[PDB]
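Q: Quick one: structure below, then a few questions.
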Amino acid sequence: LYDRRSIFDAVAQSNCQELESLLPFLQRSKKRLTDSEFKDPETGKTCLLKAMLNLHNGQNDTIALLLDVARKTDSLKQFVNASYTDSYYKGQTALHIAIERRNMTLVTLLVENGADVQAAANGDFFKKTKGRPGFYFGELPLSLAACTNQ
Amino acid sequence: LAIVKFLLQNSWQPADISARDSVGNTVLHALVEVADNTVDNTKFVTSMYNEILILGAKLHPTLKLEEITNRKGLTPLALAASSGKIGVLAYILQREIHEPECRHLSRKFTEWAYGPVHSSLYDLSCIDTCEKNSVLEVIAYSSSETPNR
């Protein structure tokens, strides 16, 4: 069995083992990696997104496994494309983060598993400082990738 | 530096890192006293200071070194500010160190960043030190019978 907490901890330390029994779990319960219960109820963060924050050397293969699991249930598209819902990071997707981190490899990977390239990150974190701040590029992956000189 | 290390680390008699001289000054106080506001002066005092703290936290973690008052009631910081040793004052308030046992020592931390963006967090002892003096308060008065202050 797996609750939200269980996976998020596994992800935090790049553990691909504690997620050995993962796929077969939501096969029995037919639960989806995308269920309401597998996201933070106030931000909309998913395990993939936790993984995106918990990088070590711009690397995490909990990602590769996490994606793999989502296709086997074909949560695939809406999984890779889930966005933040809090006023701060609203509309931020994993692809936004990969770029923010200047990580070709993870941009490449996300685009190949079908990240929406037109997804607008539009929360207060992506507009001019309250100061909050900060910082605006606006919104769309291309725009980001240019404004950060990439 | 090497001899600072050998004094504190040797087998025969390790130096008491918190001892006070006749005036109440510790090594951190003395360093503040030895500053003369020249760029290379700041630079050497600043990191020897750093070094002492790193050694304090490594060797004797319980010791809150920067809180120790000289005879006149002054922490190293407050001395720095009483004697217009500005580069060092700025150094002591500014510095944040990330290491195991790092957090206790560090003045300030940066909570978060965005691809653009940065945030800086300050402790801040000078503002909150109502009881004896506030970095501002010594600074705040401020008679400034000197250009440098």
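Ligands are numbered from 1 in the order shown, residues from 1 within each chain, and chains are lettered A, B, ... in the order they appear in the structure tokens.
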Out of chain B, which residues get alpha helix (DSSP H) from DSSP, as a PyMOL selection string?
A: chain B and resi 2-9+27-34+39-59+76-82+86-94+102-105+125-128+135-140
Q: Counting only C-alpha atoms, a student should be able to say which residues of chain A come within 10 Å of chain B; what is the right answer, written as a PyMOL selection string?
A: chain A and resi 97+99-102+125-126+129+132-137+144+147-148
Q: When you count only C-alpha atoms, which of these residues is closest to residue 64 (chain B): B:18, B:47, B:79, B:147?
A: B:18
Q: Quick one: of A:123, A:32, A:96, A:43, who's nearest to residue 143 (chain A), counting only C-alpha atoms?
A: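 Distance minimum relative to residue 143 (chain A) lands on A:96.
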Q: Between B:54, B:105, B:80, B:136, which residue has the minimum interatomic distance to residue 17 (chain B), considering only C-alpha atoms?
A: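 Ranked by minimum distance to residue 17 (chain B), first place goes to B:54.
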Q: Using CA of residue 6 (chain A) and CA of residue 22 (chain A) as the two end points, give the distance in Å to one decimal.
A: 10.5 Å
Q: For residue 14 (chain A), which residue among A:95, A:1, A:33, A:63 is the nearest when counting only C-alpha atoms?
A: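 Ranking A:95, A:1, A:33, A:63 by distance to residue 14 (chain A), first place goes to A:63.
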Q: How many Å separate CA of residue 110 (chain A) from CA of residue 92 (chain A)?
A: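 Distance between the two atoms: 13.7 Å.
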Q: Please measure the separation of CA of residue 104 (chain A) and CA of residue 60 (chain A), giving the value in Å to one decimal.
A: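 Taking CA of residue 104 (chain A) and CA of residue 60 (chain A), their separation equals 13.6 Å.
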